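Colleague: Residue numbers (the working numbering), protein chains in the order written: chain A, 282 to 386; chain B, 3 to 82; chain C, 15 to 112; chain D, 11 to 328; chain E, 127 to 196; chain F, 130 to 304; chain G, 65 to 179; chain H, 4 to 153; chain I, 344 to 412. Before we start, here is the structure in question, set down as structure tokens.
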Amino acid sequence: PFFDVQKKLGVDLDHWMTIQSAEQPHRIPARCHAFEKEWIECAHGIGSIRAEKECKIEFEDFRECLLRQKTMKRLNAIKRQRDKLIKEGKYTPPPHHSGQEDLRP
Amino acid sequence: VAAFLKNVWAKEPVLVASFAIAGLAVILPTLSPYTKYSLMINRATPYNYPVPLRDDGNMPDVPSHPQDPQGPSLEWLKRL
Amino acid sequence: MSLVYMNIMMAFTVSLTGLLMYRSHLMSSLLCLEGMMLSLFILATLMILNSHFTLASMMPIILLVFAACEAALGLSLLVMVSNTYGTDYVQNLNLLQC
Amino acid sequence: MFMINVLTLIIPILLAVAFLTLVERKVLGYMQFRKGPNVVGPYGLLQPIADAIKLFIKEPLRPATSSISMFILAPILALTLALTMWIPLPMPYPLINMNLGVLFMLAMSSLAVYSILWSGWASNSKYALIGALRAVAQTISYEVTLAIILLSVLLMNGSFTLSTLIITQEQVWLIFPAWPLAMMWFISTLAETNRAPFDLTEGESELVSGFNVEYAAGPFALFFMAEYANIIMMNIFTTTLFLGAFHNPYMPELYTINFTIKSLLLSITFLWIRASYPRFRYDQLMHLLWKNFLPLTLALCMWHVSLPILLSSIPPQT
Amino acid sequence: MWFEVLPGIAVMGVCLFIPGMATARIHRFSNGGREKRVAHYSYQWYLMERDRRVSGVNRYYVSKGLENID
Amino acid sequence: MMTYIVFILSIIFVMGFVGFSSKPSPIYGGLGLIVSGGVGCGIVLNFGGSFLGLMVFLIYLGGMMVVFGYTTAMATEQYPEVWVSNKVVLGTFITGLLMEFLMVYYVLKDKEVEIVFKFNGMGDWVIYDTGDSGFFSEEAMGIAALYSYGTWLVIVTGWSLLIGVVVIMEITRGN
Amino acid sequence: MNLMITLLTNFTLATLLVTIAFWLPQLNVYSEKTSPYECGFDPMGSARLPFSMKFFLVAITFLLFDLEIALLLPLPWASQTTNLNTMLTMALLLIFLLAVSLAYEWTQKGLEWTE
Amino acid sequence: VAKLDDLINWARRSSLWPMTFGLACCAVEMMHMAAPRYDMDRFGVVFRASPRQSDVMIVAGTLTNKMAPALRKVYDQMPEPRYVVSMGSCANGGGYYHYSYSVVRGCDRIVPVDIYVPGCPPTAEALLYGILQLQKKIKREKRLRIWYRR
Amino acid sequence: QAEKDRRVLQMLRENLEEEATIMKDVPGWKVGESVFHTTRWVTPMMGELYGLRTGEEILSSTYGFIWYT
Ligand SMILES: CCCCCCCCCCCCCCCCCC(=O)OC[C@H](COP(=O)([O-])OCC[N+](C)(C)C)OC(=O)CCCCCCCCCCCCCCCCC
Ligand code: SF4
């Protein structure tokens with residue numbers, strides 16, 4: 282019995298916080314504002330089952346924005362390869378990565 | 003009500019003083035003349051960036067320069 | 015996900031196994047309950063601070079607040095036992111069996 | 011070079027504690043129509059050195075019934091906690107520039123009672139238990155008032171930073187718009203540091219020594235220096251909060267002279283207070299702070315909430 | 127008489143003068159004669175890191191002016 | 130082993146949680162949880178949460194100072210156990226420390242453990258932002274919009290705390 | 065980082081004094097100097113007996129009032145908000161709720177002592 | 004080790020902390036010594052009520068048979084080094100009540116006494132003289148030299 | 344703002360141009376591959392920028408603001 286009285290009386294109680302892509306104080310965006318906007322606007326009013334069956338790509342992109350786990354696997358793979366290539370001894374870091382680089386500004 | 007007030011002022015003046023301060027803090031901002039001044043002072047603080055807008059050619063209010071007379075000024079806080 | 019997330023959730027389930035296996039004292043179980051809530055609070059605050067969700071920043075502390083609003087109740091549910099029994103052992107708390 | 015700054019912060023406050031013991035005995039004798047210690051050195055300048063060496067060549071005398079873990083852990087934690095909250099104090103430039111130094115002071119002041127509780131419970135005695143219970147009641151009394159005093163005084167500052175507290179003094183002191191809160195804050199600092207008439211833990215007539223009655227020399231001196239660093243630092247904090255001085259960025263000598271003199275005068279006033287009044291009962295401690303202090307500070311808190319809206323005087327948060 | 131406390135308390139004044147002053151003097155050494163750049167928010171830190179990245183010596187207190195550009 | 134400061138603080142968090150999860154005595158459990166809360170507050174400060182870390186610090190200090198007063202008031206035994214005065218307390222403490230070091234060795238070796246969900250071995254600093262929030266902190270406006278945006282939440286929180294006061298008054302009456 | 069250095073230095077200075085106070089002087093202990101102090105007589109029982117403490121409600125309501133403080137503490141930054149009327153009204157409302165709890169404590173005989 | 008012996012003898016003798024152990028007339032005489040007229044606190048002598056933080060003990064009054072275990076336990080709880088100063092005649096040899104059935108004939112039988120102060124009650128100036136004699140006895144101690152010889 | 348965008352693009356280009364010279368003999372890998380289904384720009388996480396540089400830059404850049412007193 283989800284008695285949605287927030288729409289019956291027209292009073293906003295907790296719709297201003299429930300979603301990451303809502304109105305924020307001093308207009309500060311979150312880390313996945315665009316992905317939230319895409320996932321809401323693609324999956325609006327068509328039902329949860331059709332939203333899961335059809336809007337899976339933008340939800341997957343949003344979950345990858347939030348968790349960033351595929352980027353972690355990428356960084357882990359390149360870092361293990363880097364550690365291995367240093368350990369056998371056929372890799373030398375450039376001066377830019379080593380620290381003496383004189384950054385842009 | 004004078005006898006009751008004298009009685010509580012004689013017994014415990016701290017409660018009378020606390021309730022007087024509470025009543026003043028309740029009823030005075032509703033009679034304050036500078037509350038709207040506080041409203042515009044808080045609203046006029048430039049926290050984030052004032053990004054411009056695209057032009058369709060029909061706008062009489064927004065300026066093209068910060069020093070143009072068109073647009074809102076802040077003379078009221080400068081004088082006060 | 016990450017590493018500190020794993021540590022915090024493992025702390026939560028460690029404190030859960032601490033609560034779910036008693037050791038003959040009520041207030042120690044209350045401490046384990048507040049530990050489970052500590053893990054919950056730490057996880058929620060870290061999740062928000064990673065995801066830059068500013069407007070949800072009220073939820074951790076308020077969560078924390080409500081926990082104290084029940085935790086003292088647990089303390090208020092202790093001395094009453096101490097007002098009937100001499101101590102607060104849970105093996106003495108078996109009157110409700112008939 | 012932060013090590014040199016840390017050492018020069020932490021050693022001369024211990025020397026200040028020792029000479030505070032000196033001038034404590036001297037002045038406390040002087041309002042009692044007698045001289046102070048003046049035999050050991052010229053005007054008794056060598057009394058703190060003799061007191062410090064004497065306590066450190068005695069026998070520690072650990073009790074058998076005492077749980078040795080918290081017994082050895084309480085005084086070091088007390089001295090560290092009395093030492094670790096000196097950093098956010100602007101002097102005129104603080105050691106660590108924390109944006110929320112008031113919250114740090116509040117939390118480390120809440121932690122300072124735990125040494126008293128662990129010293130009361132670690133030693134197996136009735137007097138230590140009674141002292142721990144009275145310390146608990148003292149914390150109950152003072153915390154719920156002190157937090158609101160600090161918030162309501164801080165409401166005109168605009169932020170929790172202690173560095174911006176020196177900016178607000180540039181026109182007038184905040185003791186003029188918050189003199190009642192100044193009285194509340196002074197009584198709260200009287201209550202927190204466990205000084206008479208709000209001692210209630212190191213009682214001489216009620217108990218023998220209370221929380222450290224089983225504490226022999228060596229570990230006992232740590233509580234002494236912790237309490238005296240606490241009172242000196244608390245008076246410095248009160249001076250910065252209410253009687254902040256004129257700061258010039260080109261010459262910090264003026265502000266160092268001014269706040270040193272003001273905090274020294276406030277500590278002399280504390281010494282003057284501590285031996286002119288009878289000791290309060292601890293049942294009247296929360297028959298006063300929970301009864302007379304709390305409604306007044308609630309009224310003044312809502313008044314200071316509604317006052318910058320009234321006069322259009324909202325302070326900047328930066 | 128009473129004024130005999132006035133020596134000893136004066137020593138405490140020195141014990142309340144040596145720490146804080148030293149910090150200010152330390153701030154006149156590690157920062158190259160200026161005060162320590164008080165960082166309170168992200169933009170102050172970004173400006174200080176900008177000075178660190180433009181100075182070329184990896185020190186923020188080495189401030190270069192309009193003579194640096196041509 | 131420098132940028133693993135969040136990892137080290139989390140390991141001390143789990144160590145203190147295993148330490149007080151043995152439930153030896155309320156004072157020692159409070160000590161273990163307070164060490165855990167100290168390093169958790171250190172985690173939150175190291176992630177930029179000054180206010181939240183200091184708030185959980187102050188709240189826990191007050192709450193288990195009350196808990197200390199209660200265990201010294203009523204719930205006390207004649208000979209409290211520290212950690213080794215009883216067998217199962219030390220057994221479960223050593224057991225929890227052994228599992229803690231077990232997934233420590235599991236996460237520092239293959240850098241990807243699978244306990245329910247999958248977990249990586251890098252520090253969380255990789256997910257932290259590269260952008261600057263100007264002249265302000267975002268959590269500060271979170272707890273500032275607590276009063277303006279947060280109407281229903283503050284109303285129900287205040288009503289629940291008032292109800293907690295009246296309930297705690299009503300429970301320990303006796304008659 | 066500097067906070068960690070200050071904490072470590074303070075702990076090092078604290079724990080060095082007790083070590084100096086302990087292992088430097090000569091120890092000489094018998095089974096009377098380690099005895100508990102009861103004004104020159106033997107203790108009656110142990111100190112682990114449950115205290116019949118009388119301010120249990122005062123400690124619990126200290127906790128509750130500290131959580132009231134936790135609600136009332138982010139008020140200064142709310143001074144920079146735009147919607148000032150809701151801010152002022154609900155800060156006054158929360159302070160009034162604190163005062164209502166205190167007044168109910170006062171009337172229903174809670175601030176006094178048992179026995 | 005001769006000069007280090009000179010240091011720790013100066014530290015102990017200039018910060019003597021007696022304990023509030025009086026029993027009789029002689030306790031009131033001690034309180035009269037602690038008055039502003041004679042001012043014990045000028046010599047580094049401040050009263051401390053706990054035996055665990057006291058250096059010396061001045062036994063003032065009559066030690067009865069109901070009091071000997073209490074005095075013995077209080078003396079045994081004091082940390083080393085400890086000195087005992089007998090006072091009056093009651094704590095010296097029983098004095099007026101030497102032949103009584105319930106008075107210990109001198110408190111030497113219970114605790115080892117370092118300094119004997121004669122009087123009934125001894126004058127506070129004489130008591131100050133006895134305390135100064137105890138300080139001079141502490142001054143000529145030879146602990147580290149004897150340790151070096153052994 | 345212009346400096347920040349130019350530096351971010353420069354650091355990402357530096358990280359991409361050295362990914363080619365390290366991962367060649369591995370099988371079935373496409374260099375510079377994104378993990379997003381869309382081509383829209385995203386704000387890069389800190390591991391993508393300084394994940395190949397020294398650790399001193401890591402504690403001076405990630406925790407540098409928090410650890411500066
Ligand atoms: C910080 C700067 C320096 C501060 C001063 C330092 C030097 C002076 C120190 C003096 C000694 C202090 C320690 C000893 C006393 C300790 C006990 C104590 O303080 O008890 C508190 C005492 C206790 O009172 P009591 O002991 O009399 O209690 C009796 C109570 N009845 C009558 C019910 C039986 O007072 C209070 O609790 C009152 C709180 C302070 C009141 C401040 C009022 C300010 C003005 C308000 C407005 C007035 C105008 C009228 C209303 C107008 C409205 C618009
Ligand atoms: S010696 Fe004399 S003055 Fe002292 S207690 Fe005995 S009778 Fe009294």
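Positions of the beta carbon are idealized from the N, C-alpha and C atoms, including for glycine.
In the DSSP assignment, find the unbroken alpha helix (DSSP H) run with D/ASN240 in it and report its ends.
Modeller: Counted from its first residue, the fourth sequence places residue 240 of chain D at position 230. Taken as a continuous stretch (DSSP letters only), the alpha helix (DSSP H) holding D/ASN240 covers 229 to 252.
Colleague: Per DSSP, F/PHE246 forms a beta bridge with which residues?
Modeller: Position 117 of the sixth sequence, counted from the start, is the residue given in the question as residue 246 of chain F. Note: F/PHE246 sits in a beta bridge opposite F/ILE244.
Colleague: Using a Cβ-based criterion (distance less than 7 Å to any ligand heavy atom), does H/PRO124 qualify as near ligand 2?
Modeller: Stepping through the eighth sequence from its first residue, residue 124 of chain H is reached at position 121. Yes, Cβ of H/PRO124 sits closer than 7 Å to a heavy atom of ligand 2.
Colleague: Could you have a look at B/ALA12 and say whether DSSP puts it in helix, strand or coil?
Modeller: Looking up residue 12 of chain B in the second sequence gives position 10. It is helical.
Colleague: Within 8 Å of any Cβ in chain F, is that where the Cβ of E/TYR186 sits?
Modeller: Start at 1 with the first residue of the fifth sequence, and residue 186 of chain E comes out as number 60. Taking Cβ atoms only, chain F never reaches closer than 8 Å to E/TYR186, which makes this a no.
Colleague: In terms of DSSP beta bridges, what is H/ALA63 paired with?
Modeller: On the eighth sequence, residue 63 of chain H is found 60 positions in, with the first residue counted as 1. BP columns for H/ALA63 point to H/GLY25.
Colleague: Identify, in the order they occur along the chain, each residue of the same chain with its Cβ nearer than 8 Å to the Cβ of F/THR221, setting aside the five sequence neighbours on each side.
Modeller: Mapped onto the sixth sequence, residue 221 of chain F falls at position 92. Cβ neighbours of F/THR221 beyond the five flanking positions: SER150, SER151.
Colleague: Report whether the distance from the Cβ of D/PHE252 to the nearest heavy atom of ligand 1 is below 7 Å.
Modeller: As a position in the fourth sequence, residue 252 of chain D is number 242, starting the count at 1. Checking every heavy atom of ligand 1 against the Cβ of D/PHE252, one is found closer than 7 Å.
Colleague: Got a sec: which bits of the segment 288 to 304 of chain A sit with their beta carbon under 9 Å from any beta carbon on chain E, in order along the chain?
Modeller: From the segment 288 to 304 of chain A, no residue has a Cβ closer than 9 Å to chain E.
Colleague: In the DSSP assignment, the alpha helix (DSSP H) including C/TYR19 goes from what residue to what residue?
Modeller: What you label residue 19 of chain C is simply residue 5 of the third sequence in a count that begins at 1. Element bounds for C/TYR19: 18 to 34.
Colleague: For D/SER125 and D/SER151, I'd like the C-alpha separation in whole angstroms.
Modeller: What you label residue 125 of chain D is simply residue 115 of the fourth sequence in a count that begins at 1. What you label residue 151 of chain D is simply residue 141 of the fourth sequence in a count that begins at 1. Cα-Cα distance, rounded: 18 Å.
Colleague: Let me check understanding here. Comparing Cα to Cα, which of H/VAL4, H/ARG55, H/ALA37 lies closest to G/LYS97?
Modeller: Counting from 1 along the seventh sequence, the entry for residue 97 of chain G is found at position 33. Checking every option, the nearest Cα to that of G/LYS97 belongs to H/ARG55.
Colleague: Alpha carbon to alpha carbon, how far is I/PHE379 from D/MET11?
Modeller: The sequence position of residue 379 of chain I within the ninth sequence is 36, counting from 1. The sequence position of residue 11 of chain D within the fourth sequence is 1, counting from 1. Taking the straight line joining both Cα atoms gives about 47 Å.
Colleague: For a cutoff of 8 Å on Cβ pairs, would you count I/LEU395 as touching chain A?
Modeller: Taking the ninth sequence and counting its residues from 1, one reaches residue 395 of chain I at position 52. So yes, I/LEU395 belongs to the interface.
Colleague: What is the C-beta distance between H/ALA5 and H/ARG148, in whole angstroms, given that I count them as a contact (C-beta under 8 Å)?
Modeller: Sequence index remark: in the eighth sequence, residue 5 of chain H carries index 2 (1-based). Sequence index remark: in the eighth sequence, residue 148 of chain H carries index 145 (1-based). Contact holds; Cβ gap of about 6 Å.
Colleague: Please tell me whether F/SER214 has its Cβ less than 8 Å away from any Cβ of chain G.
Modeller: The sequence position of residue 214 of chain F within the sixth sequence is 85, counting from 1. Not an interface residue.
Colleague: For D/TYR53, is the beta carbon positioned less than 7 Å from some heavy atom of ligand 1?
Modeller: Start at 1 with the first residue of the fourth sequence, and residue 53 of chain D comes out as number 43. Not so, every heavy atom of ligand 1 lies at least 7 Å from the Cβ.
Colleague: Using 7 Å as the cut-off, classify the Cβ of D/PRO190 as near or not near the heavy atoms of ligand 1, replying yes or no.
Modeller: Here residue 190 of chain D is taken as the residue at index 180 of the fourth sequence, counted from 1. Yes - ligand 1 has a heavy atom lying nearer than 7 Å to the Cβ of D/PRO190.
Colleague: Check whether chain D comes within 8 Å of residue 212 of chain G, counting only Cβ atoms and requiring the distance to be less than that.
Modeller: The question about residue 212 of chain G has no answer here: the residues shown for chain G are numbered 65 through 179.
Colleague: Any idea if D/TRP96 is buried or exposed, counting beta-carbon neighbours within 10 angstroms, 16 or more meaning buried?
Modeller: Here residue 96 of chain D refers to the residue found at position 86 of the fourth sequence. Classification of D/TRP96: buried, given that the 10 Å Cβ count is 16 or more.
Colleague: Find the nearest neighbour of D/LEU38 within the set H/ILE134, H/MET33, H/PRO39, H/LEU26, judged by alpha-carbon distance.
Modeller: In the fourth sequence, residue 38 of chain D corresponds to position 28, counting from 1. For the residues H/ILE134, H/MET33, H/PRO39, H/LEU26, the minimum Cα distance to D/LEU38 belongs to H/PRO39.
Colleague: Any heavy atom of ligand 1 inside 7 Å of the beta-carbon of D/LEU200?
Modeller: Position 190 of the fourth sequence holds residue 200 of chain D. Yes, ligand 1 has a heavy atom inside 7 Å of this Cβ.
Colleague: Is the closest heavy atom of ligand 2 to the C-beta of H/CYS110 under 7 Å?
Modeller: If you number the eighth sequence from 1, residue 110 of chain H lands on position 107. Not so, every heavy atom of ligand 2 lies at least 7 Å from the Cβ.
Colleague: Using three-state DSSP, classify E/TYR169 as helix, strand or coil.
Modeller: Working through the fifth sequence from its first residue, we reach residue 169 of chain E at position 43. Helix.
Colleague: When Cβ atoms are compared, which residues of the segment 83 to 99 of chain G fall closer than 7 Å to chain H?
Modeller: Within the segment 83 to 99 of chain G, the qualifying residues are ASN92, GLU96, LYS97, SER99.
Colleague: Starting from F/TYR208, follow the alpha helix (DSSP H) in both directions and report where the run begins and ends.
Modeller: By 1-based counting over the sixth sequence, the position of residue 208 of chain F is 79. Neither: F/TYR208 is in no alpha helix (DSSP H) and is coded neither H nor E.
Colleague: Restricting to Cα atoms, I'd like to know which of C/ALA58, C/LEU60, C/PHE26, C/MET61 is closest to residue 177 of chain C.
Modeller: Limits of chain C in this structure are 15 at one end and 112 at the other, which puts residue 177 of chain C out of reach.
Colleague: In chain D, which residues lie with their C-beta within 8 Å of the C-beta of B/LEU26?
Modeller: Mapped onto the second sequence, residue 26 of chain B falls at position 24. Here the neighbours are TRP313.
Colleague: Do you know whose CA, among B/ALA12, B/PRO74, B/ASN9, B/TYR36, lies nearest B/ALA46's CA?
Modeller: Sequence index remark: in the second sequence, residue 46 of chain B carries index 44 (1-based). When only C-alpha atoms are compared, the closest one is B/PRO74.
Colleague: Per DSSP, H/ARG51 forms a beta bridge with which residues?
Modeller: Start at 1 with the first residue of the eighth sequence, and residue 51 of chain H comes out as number 48. Note: H/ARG51 sits in a beta bridge opposite H/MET22.
Colleague: Within 10 angstroms of the Cβ of E/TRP128, are there 16 or more other Cβ atoms? Answer buried if so, exposed if not.
Modeller: Along the fifth sequence, one-based indexing puts residue 128 of chain E at 2. The residue is exposed, with fewer than 16 neighbouring Cβ atoms inside 10 Å.
Colleague: Report all residues from its chain with a CB closer than 7 Å to the CB of E/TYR186; omit the five preceding and five following residues, and keep chain order.
Modeller: In the fifth sequence, counting from the first residue as 1, residue 186 of chain E sits at position 60. Closer than 7 Å at the Cβ level, and outside the excluded window around E/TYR186, lie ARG163, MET174, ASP177, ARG178.
Colleague: Can you round the beta-carbon distance between H/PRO125 and H/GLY91 to whole angstroms, since I take them to be within the 8 Å contact cut?
Modeller: Along the eighth sequence, read from residue 1 onward, the residue named residue 125 of chain H stands at position 122. Along the eighth sequence, read from residue 1 onward, the residue named residue 91 of chain H stands at position 88. Contact flag correct, Cβ pair sits at about 6 Å.
Colleague: For ligand 2, is there a heavy atom less than 7 Å away from the beta-carbon of H/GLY64?
Modeller: Here residue 64 of chain H refers to the residue found at position 61 when the eighth sequence is read from its first residue. Yes - ligand 2 has a heavy atom lying nearer than 7 Å to the Cβ of H/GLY64.
Colleague: Could you tell me how far apart the beta carbons of D/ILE159 and D/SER198 are, in whole angstroms, since I believe they sit closer than 8 Å?
Modeller: The sequence position of residue 159 of chain D within the fourth sequence is 149, counting from 1. The sequence position of residue 198 of chain D within the fourth sequence is 188, counting from 1. Contact holds; Cβ gap of about 6 Å.
Colleague: Please check if any C-beta of chain I sits within less than 8 Å of the C-beta of G/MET154.
Modeller: Start at 1 with the first residue of the seventh sequence, and residue 154 of chain G comes out as number 90. No, G/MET154 lies away from the interface with chain I (no Cβ there is under 8 Å from its Cβ).
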